[PDB]
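Below you'll find the structure, written out as structure tokens, and then a few comments.
For ligands, and for the atoms within them, numbers begin at 1 and follow the listed sequence. Keep in mind that the numbers below use all heavy atoms, side chains included, and drop hydrogens, waters and symmetry copies. By convention in this document, chain letters (A, B, ...) are assigned in the order of the sequence lines, proteins followed by strands, and residues within each chain are numbered from 1.
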Amino acid sequence: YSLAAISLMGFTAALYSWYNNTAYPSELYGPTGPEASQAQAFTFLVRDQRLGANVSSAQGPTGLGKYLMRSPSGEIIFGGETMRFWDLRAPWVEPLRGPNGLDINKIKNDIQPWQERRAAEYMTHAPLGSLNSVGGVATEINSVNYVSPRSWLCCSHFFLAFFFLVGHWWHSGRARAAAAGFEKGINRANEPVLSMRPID
Amino acid sequence: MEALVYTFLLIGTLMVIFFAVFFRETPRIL
Amino acid sequence: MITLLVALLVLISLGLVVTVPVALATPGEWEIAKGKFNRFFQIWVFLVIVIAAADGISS
Amino acid sequence: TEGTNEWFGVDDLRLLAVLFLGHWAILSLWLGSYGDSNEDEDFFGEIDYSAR
Amino acid sequence: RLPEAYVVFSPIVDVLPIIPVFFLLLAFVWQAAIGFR
Amino acid sequence: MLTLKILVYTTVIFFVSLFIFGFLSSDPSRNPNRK
Amino acid sequence: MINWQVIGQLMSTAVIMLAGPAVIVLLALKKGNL
Amino acid sequence: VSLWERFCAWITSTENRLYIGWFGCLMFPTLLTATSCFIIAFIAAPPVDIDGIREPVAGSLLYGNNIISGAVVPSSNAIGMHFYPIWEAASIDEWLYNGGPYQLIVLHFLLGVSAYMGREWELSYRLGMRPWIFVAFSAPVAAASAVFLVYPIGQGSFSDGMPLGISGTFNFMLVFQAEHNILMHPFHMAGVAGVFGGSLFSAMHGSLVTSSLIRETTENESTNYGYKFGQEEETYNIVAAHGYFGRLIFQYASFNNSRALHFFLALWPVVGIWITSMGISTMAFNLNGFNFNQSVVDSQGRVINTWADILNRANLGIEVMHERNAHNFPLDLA
Amino acid sequence: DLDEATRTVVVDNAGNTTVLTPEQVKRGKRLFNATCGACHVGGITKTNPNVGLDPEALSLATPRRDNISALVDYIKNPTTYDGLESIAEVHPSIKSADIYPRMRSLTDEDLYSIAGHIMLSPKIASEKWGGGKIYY
Amino acid sequence: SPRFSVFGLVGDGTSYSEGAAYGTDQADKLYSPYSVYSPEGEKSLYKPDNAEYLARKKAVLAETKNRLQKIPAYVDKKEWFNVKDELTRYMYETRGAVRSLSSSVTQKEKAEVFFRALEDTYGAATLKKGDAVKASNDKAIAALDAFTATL
Amino acid sequence: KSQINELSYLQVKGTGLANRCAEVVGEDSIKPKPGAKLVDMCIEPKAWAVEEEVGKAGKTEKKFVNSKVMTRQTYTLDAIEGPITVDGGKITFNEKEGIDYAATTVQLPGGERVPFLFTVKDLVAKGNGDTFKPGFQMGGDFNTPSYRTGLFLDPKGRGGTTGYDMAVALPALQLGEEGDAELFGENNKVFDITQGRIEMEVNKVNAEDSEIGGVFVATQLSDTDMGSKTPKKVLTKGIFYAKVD
Amino acid sequence: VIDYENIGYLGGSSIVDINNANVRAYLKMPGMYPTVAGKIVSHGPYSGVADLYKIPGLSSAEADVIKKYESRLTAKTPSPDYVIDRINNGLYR
Ligand code: CLA
Ligand code: CLA
Ligand code: CLA
Ligand code: CLA
Ligand SMILES: CC(C)=CCC/C(C)=C/CC/C(C)=C/CC/C(C)=C/CC/C(C)=C/CC/C(C)=C/CC/C(C)=C/CC/C(C)=C/CC/C(C)=C/CC1=CC(=O)C(C)=C(C)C1=O
Ligand SMILES: CCCCCCCCCCCCCCCC(=O)OC[C@H](CO[C@@H]1O[C@H](CS(=O)(=O)O)[C@@H](O)[C@H](O)[C@H]1O)OC(=O)CCCCCCCCCCCCCCC
Ligand code: HEM
Ligand SMILES: CC1=C(/C=C/C(C)=C/C=C/C(C)=C/C=C/C=C(C)/C=C/C=C(C)/C=C/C2=C(C)CCCC2(C)C)C(C)(C)CCC1
Ligand SMILES: CC1=C(/C=C/C(C)=C/C=C/C(C)=C/C=C/C=C(C)/C=C/C=C(C)/C=C/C2=C(C)CCCC2(C)C)C(C)(C)CCC1
Ligand code: OEX
């Protein structure tokens with residue numbers, strides 16, 4: 001019973017590490033998976049707005065917003081593949097949110113240099129790395145020695161919570177059979193299937 | 001038109017699985 | 001002085017790591033030798049307090 | 001609205017009514033066998049074979 | 001870095017987290033020394 | 001849409017409560033050794 | 001400059017992972033309740 | 001004598017043709033829901049905008065696919081990990097456009113195959129068996145939950161789940177290699193040792209039993225008619241099979257215990273599939289396989305390539321071409 | 001095979017040349033990978049890929065950054081690519097070292113070694129430094 | 001015959017791929033064996049006494065009062081998101097600049113009073129209490145000038 | 001609206017309020033200044049119709065057929081700004097910035113999916129009169145850019161400014177003097193810019209908030225898929241809102 | 001377009017089209033990236049290179065860096081699939 005309960009807690013603590021940035025602040029654990037890809041879309045929005053792009057009207061290759069698009073509920077979100085992480089509520093991007101999502105004039109006018117720094121190290125310290133702790137995507141070269149603590153905490157406790165669910169299946173199957181009294185095998189004298197109807 | 005053949009082969013395969021389960025030769029002792 | 005006392009605490013702990021389970025798992029030695037082992041336990045516990053005193057005084 | 005934080009997805013009180021009525025219906029059948037069952041009847045095994 | 005009164009023991013601290021792995025190995029040595037009986 | 005949601009919620013709570021009260025129905029005792 | 005870090009690490013590794021087998025060797029010599 | 005007790009006696013009855021049990025109260029409705037939706041979506045379902053970029057991918061037979069190319073396409077990237085039932089979709093055509101059927105099938109399949117596992121415990125309990133057949137089935141269940149649920153959770157979108165199709169499966173494998181280097185992950189290596197070893201040990205154990213069968217038939221009838229169902233005697237000489245395999249390699253490397261041998265047949269693929277299921281589940285959070293790119297360096301400092309670097313050039317070719325319109329920024333952080 | 005000839009790098013704007021000692025080379029790679037390598041892995045810039053660390057892009061900055069002294073001047077005082085406004089508040093520098101605590105313990109010898117690694121790397125890997133994933 | 005380095009003890013050691021040479025490869029002392037950086041003494045180029053660092057903190061403190069004074073213009077409207085965003089957009093650098101300028105023991109207790117009033121402004125903005133934001137915003141301003149009037 | 005600004009981001013998200021326009025209260029009048037500028041023009045479509053030949057009772061007239069949106073709640077334009085130029089008699093509006101395009105896909109009866117870029121890009125909209133009134137009518141042409149950019153690759157890897165320029169899976173079609181000339185229209189990806197026409201109509205003006213709002217009707221052409229299919233005419237109706245300054 | 005002439009003036013010919021090139025094409029001219037290159041790319045169609053001096057918001061310093069490379073600038077017909085991709089064409093080194 002405890003093995004089933006501690007396996008449910010282990011899956012939960014793993015996704016705490018991966019998703020939550022309140023009890024697991026990103027200044028301590030690094031950015032989350034959702035946080036780091038929104039930090040990339042924020043960085044190249046700031047990069048291209050300095051070059052004079054009107055980033056709210058900039059059409060992407062597919063016809064959606066290159067920088068700013070709309071969520072399926074209607075909020076103004078970051079464009080690209082990071083449209084899946086539109087529920088991200090990091091503390092360095094919430095100063096630019098109104099009720100409609102990201103505020104366009106606050107993006108046009110009041111983006112602070114600490115936000116551009118915060119998105120820059122979160123873009124370059126994304127939770128992506130190898131087992132030998134090479135930072136970046138699987139096609140990256142060996143120069144950066146980094147794997148996020150969020151990726152260590154989530155992967156280890158997802159590993160452990162699965163095997164503790166296997167322990168729930170082992171020990172609950174055994175305790176149910178040891179209580180009924182056939183955990184050592186089938187009695188040859190009175191086998192239960194033999195005293196049953198023909199099964200068809 | 002070949003999707004008619006693809007559907008017939010898959011539905012025909014599931015009909016064999018139905019008859020293999022519910023019209024099986026029952027294993028009998030003695 | 002703190003570095004001298006912690007180095008003594010490490011040596012006492014290393015002596016107690018390899019002698020306490022030997023004294024407990026031979027089936028008569030703990031009741032004939034526990035005054036000697038409680039004496040080392042108290043020197044161990046007193047060393048922690050003297051280190052905690054010297055660490056807090058120096059801070 | 002699917003990303004809103006509703007208890008068990010209950011956004012209309014129709015859904016709360018069918019959750020109660022569905023769960024109480026099998027409860028009422030189950031109370032046909034395990035209602036009128038004595039509370040002070042214990043056992044000292046790992047498993048009880050009381051009655052039906 | 002450790003506090004200045006304790007940086008002498010910095011190589012000892014480098015082996016201290018590995019000691020729980022040595023406890024799992026110790027149960028196999030003790031079972032082999034008793035002959036797995 | 002929201003008529004289908006009533007039907008699925010009624011269906012899910014039917015089968016889940018069968019699962020719940022079935023395993024509460026003295027289920028360890030349903031073994032071939034005794035009872 | 002005699003690199004006392006790897007000297008300190010490998011000696012403290014060797015003292016620690018001999019202290020465990022020293023308990024079992026001593027209990028085998030003492031014929032204790034193993 | 002009550003109505004519920006007579007229903008409980010039928011549900012847990014071992015005299016039904018298929019055992020239902022209380023896990024079958026979850027197994028049969030969820031799996032027949034997912035089977036009904038899979039067959040209809042595989043045959044006839046409109047194209048699904050999987051990458052969220054309004055580029056719909058055809059997956060059904062009536063939109064020009066075959067058995068190999070056909071798939072139930074995963075949900076839209078615009079949905080992400082959001083719950084998308086039919087009643088949250090304002091029309092069924094909007095639900096079909098956004099990859100709604102994938103979420104219905106996957107969630108009913110994963111519930112139903114966990115209830116299939118508990119049904120395997122349950123019949124073993126009613127039959128007086130030892131319980132742990134369903135622990136062996138937990139290894140393909142963990143694998144199905146890794147590629148359909150856990151890897152979407154870590155990547156943050158059901159669009160990155162494995163498509164319910166043959167060619168969609170190969171698309172899932174190649175993109176996973178480019179983004180995570182699964183071949184250089186030791187958990188996939190233990191999984192390959194699980195299935196190569198498991199099919200080795202299956203062919204090994206199946207050979208030695210068939211090699212040492214006792215004469216009970218003639219040359220005209222089949223050899224399988226030497227076994228009678230329900231017989232008490234052993235049907236093959238296990239001393240002769242042990243004496244063969246003990247001379248094939250050497251004597252100390254062979255199981256004389258048939259119970260220890262069949263335990264080893266259960267443990268090797270199941271632990272191997274458990275480990276590779278925890279490779280997919282840990283590459284879900286981008287703890288990738290080994291990166292040895294530019295690790296061999298000569299005296300001047302120049303990079304000498306290895307076989308890992310040639311493997312890296314094939315990873316680079318998949319990742320610059322996968323989801324070719326979906327990316328706007330130079331790092332695939334999703 | 002790291003002779004004096006490959007370790008000979010341009011040191012200033014006038015074109016004078018110096019040899020990096022083997023301590024400068026080893027320590028310069030370590031400090032660059034720790035301090036600068038998260039954004040400048042392989043000579044590219046991750047957060048602004050128009051402005052790389054390859055020697056052609058360093059040649060076309062308006063203060064020309066093809067020197068040890070000009071690279072060290074960028075680390076003490078970073079500007080835009082045309083050198084017209086300071087970007088010290090968004091780039092790690094000695095000028096904003098109160099903002100970036102990674103620059104707080106860095107001598108001028110450390111900046112010399114880091115600028116040495118940026119200058120030496122195209123002599124070793126020519127098109128790989130600042131070339132991106134095409135030359136991986 | 002190849003170059004050898006048993007960890008640092010036998011062989012070259014000061015070679016480009018020796019990984020367990022903790023500080024034996026370089027001349028200057030490191031912060032720790034597990035570091036690539038020298039300590040925070042002199043010879044470091046970062047001088048915390050410098051005038052451009054102090055002026056950056058004072059410019060944060062001056063513009064903080066400008067952002068803190070446009071709070072009640074959001075509270076005669078009801079843009080509660082604008083109150084919470086104003087306290088975090090520019091003002092994120094305020095706690096870093098105030099604690100850096102708080103050296104004496106009366107500076108620290110005069111700084112936390114500004115911090116407590118800043119959190120009262122934020123907590124009243126989530127609760128949408130209109131009078132409580134303004135009653136905390138004047139206390140945040142009046143504790144801000146008391147901190148800057150020291151030095 | 002003042003009501004929407006009272007809410008948190010967490011109260012709005014998921015609800016679908018963020019795809020709605022603000023409603024204006026009152027009938028007043030605003031006279032725009034020489035430096036006047038619409039700032040947060042929301043344009044929300046509420047009806048979609050695609051032109052198609054239909055077989056009603058016995059004949060085959062052209063009808064705008066009502067179609068269902070399948071790209072869920074991403075269709076509303078917002079934060080559209082641009083100066084309001086006062087001519088001699090009339091008042092005109094030139095939109096400049098903002099989210100002035102939304103890719104929408106509607107489905108026709110029969111299963112035909114019609115993607116189109118609902119846009120007001122480069123709208124120059126002429127009004128009648130000089131003040132914003134509850135009978136004021138503004139309207140003009142806009143430019144519809146192509147639904148796919150030249151960076152878009154097709155399923156075979158062909159695009160306008162990138163990609164293959166041949167059907168690369170059929171290499172024996174590049175043979176003889178004619179080559180792949182039968183596949184020219186699919187290999188030649190053309191960026192096409194078409195024209196649309198919107199007719200706004202103010203019916204509610206709030207002078208204390210300097211906010212106008214009314215209805216519109218717009219027609220434009222759909223996606224051509226880089227010049228590979230003939231585009232359909234898409235008629236849309238709905239509500240707009242703007243603030244005047 | 002299969003066969004787009006003036007493809008050299010985009011990024012490779014060391015003579016840069018003003019109407020169609022990306023902002024990375026001005027990285028070969030020192031002094032232009034980013035603030036002068038940003039003003040050429042963000043503003044509308046130019047008949048010649050002489051219309052670059054009519055950009056609202058230029059200086060004399062930003063004009064003199066233009067006159068350094070007016071040997072290297074040219075104006076062709078603006079192709080609309082290249083005009084939209086002038087800030088960001090999806091190319092990153
Ligand atoms: C479980 C929680 C947990 C987490 C999240 C971490 C995470 C981390 N550790 Mg820690 N640590 C842990 C437990 C944990 N550790 C334990 C139990 C020990 C004692 C051994 C340590 C001792 C330790 C040291 C000494 C160091 C770390 C370091 C690290 C960091 C780098 C990890 C790395 O590169 O390893 C490499 C990855 C591996 C070795 C993978 C392990 C794979 C295992 C063996 C898989 C086993 C599979 C199993 C056999 C399959 C079948 C089982 C089934 C039948 C049931 C990372 C933050 C390093 C660090 O950076 O510190 C600052 C470091 O130096 N750890
Ligand atoms: C292999 C061994 C191993 C190791 C090394 C770890 C390591 C870790 N686990 Mg994991 N865990 C493991 C196995 C392991 N785990 C297994 C097998 C499971 C079951 C699947 C789990 C389930 C699990 C869960 C559910 C969680 C962890 C968490 C953690 C992390 C923090 C642990 C912690 O804080 O405990 C907590 C310590 C206690 C409960 C002891 C009591 C502490 C008291 C309550 C603290 C009071 C402090 C108080 C506020 C201070 C005030 C003082 C003042 C009054 C003077 C740590 C990395 C946590 C985490 O951070 O997730 C990522 C977490 O939430 N683990
Ligand atoms: C023997 C008892 C004892 C203990 C437990 C301590 C402990 C401490 N003293 Mg010290 N002190 C001692 C004797 C002791 N001292 C003596 C004899 C003197 C001379 C009179 C001093 C003089 C002194 C001074 C002047 C100062 C200290 C300080 C401290 C703290 C050092 C870190 C810190 O900054 O606090 C911050 C607080 C923490 C780090 C919390 C630590 C406790 C956490 C919650 C861990 C506990 C977890 C749990 C109990 C562990 C699990 C146990 C098990 C049941 C599983 C630490 C709590 C400093 C202090 O108190 O700062 C406020 C300090 O300035 N001490
Ligand atoms: C075995 C029965 C079964 C189960 C478990 C499911 C499960 C599901 N169906 Mg399926 N379905 C089924 C049969 C089933 N289905 C059948 C027979 C049909 C044909 C009529 C369908 C037709 C159908 C459709 C068309 C759809 C679904 C969908 C779903 C998903 C969400 C439905 C939902 O929100 O319910 C509501 C669930 C609850 C209210 C939860 C009840 C659980 C209780 C409350 C336990 C909690 C205990 C509590 C924590 C204890 C705390 C106590 C403490 C406080 C003291 C869910 C995976 C949807 C989907 O797939 O989305 C993608 C969907 O669109 N179903
Ligand atoms: C004179 C001069 C000049 C001198 C020169 C010197 C010189 C001559 C040198 C040459 C020396 C030389 C190399 C000779 C050595 C020969 C040698 C070994 C060479 C081969 C090379 C090589 C490395 C071989 C290794 C390969 C090897 C042996 C691998 C096998 C590994 C192994 C232990 C496998 C066991 C696997 C396993 C446990 C399977 C069992 C599981 C299974 C399903 C069994 C089924 C089963 C088993 C039963 O048991 C019974 C009962 C039943 C029912 C049953 O189902
Ligand atoms: C230097 C590093 C040090 C490492 C220290 C150890 C690290 C942890 C290792 C854990 C070892 C645990 C031992 C468990 C023994 C046990 O299994 O007994 C169960 C039975 C009992 O044996 C049977 O035992 C019977 C006697 S009795 O049961 O033991 O009393 C006997 O009758 C029979 O003949 C005999 O076969 O063992 C067998 O049936 C043989 C199978 C042994 C397989 C275990 C090897 C490891 C797993 C294989 C690989 C995993 C598969 C994944 C590959 C993809
Ligand atoms: C201490 C280590 C660093 C060094 C030596 C360094 C060096 C340089 C140099 C020389 C340039 C100019 C290139 C040129 O002119 O062609 C540059 C640009 C740049 N670097 Fe770094 N850098 C360092 C740290 C970082 C870090 C950590 C980041 C990540 C946040 C970063 C991000 C950038 C960016 C964005 C630019 C472009 C600036 C622009 O647009 O002009 N740098 N860097
Ligand atoms: C009395 C009662 C009741 C009721 C009950 C009911 C309602 C029942 C029903 C029943 C039923 C209603 C049943 C059914 C069954 C079914 C089944 C059991 C199925 C099966 C299936 C399978 C076998 C599968 C199939 C297949 C095949 C074969 C092949 C392939 C395809 C497929 C997969 C499809 C209640 C609870 C209220 C209460 C108490 C009393
Ligand atoms: C905290 C501390 C401490 C403590 C610690 C300790 C000391 C612990 C213990 C430790 C231990 C606890 C150890 C152990 C070890 C163990 C080992 C090292 C083992 C291993 C072995 C091996 C591995 C082998 C095995 C085997 C056998 C025997 C036979 C059969 C086969 C095999 C191979 C399995 C001290 C005092 C230092 C002081 C400082 C601090
Ligand atoms: O969805 Mn399926 O594959 Ca995961 O990376 Mn990002 O997102 Mn999409 O791209 Mn690559």
Checklist entry - Hey, does H:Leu265 sit under 4.0 Å from ligand 5 if you only count heavy atoms? => result yes

Kindly state if [atom] has a protein heavy atom within a strict 4.0 Å cut-off, that is, under 4.0 Å?
{"atom": "atom 29 (C) of ligand 4", "result": "yes"}
{"atom": "atom 4 (C) of ligand 4", "result": "yes"}
{"atom": "atom 21 (C) of ligand 5", "result": "no"}
{"atom": "atom 48 (C) of ligand 5", "result": "yes"}

Which residue supplies the protein heavy atom nearest to [atom], what is that atom called, and how far is it?
{"atom": "atom 51 (C) of ligand 6", "value": "H:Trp268 CE3, 3.6 Å"}
{"atom": "atom 48 (C) of ligand 6", "value": "H:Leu267 CD2, 3.8 Å"}
{"atom": "atom 18 (O) of ligand 6", "value": "H:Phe263 CE2, 4.9 Å"}

Contact check, [X] vs ligand 4, heavy-atom distance below 4.0 Å:
{"X": "H:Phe28", "result": "no"}
{"X": "H:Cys25", "result": "yes"}
{"X": "H:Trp87", "result": "yes"}

Checklist entry - Hey, which atoms in ligand 6 end up nearer than 4.0 Å to a heavy atom of H:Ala190? => result 54 (C)

Checklist entry - If you measure from each non-hydrogen atom of E:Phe36 to ligand 6, which part falls under 4.0 Å: side chain, backbone, both or neither? => result neither

Next on the checklist: Just to be sure I'm reading this right: ignoring hydrogens, which of F:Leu18, D:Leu15, F:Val8, H:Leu111 gets closest to atom 24 (C) of ligand 4? Compare them by their nearest heavy atoms.
Outcome noted: F:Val8

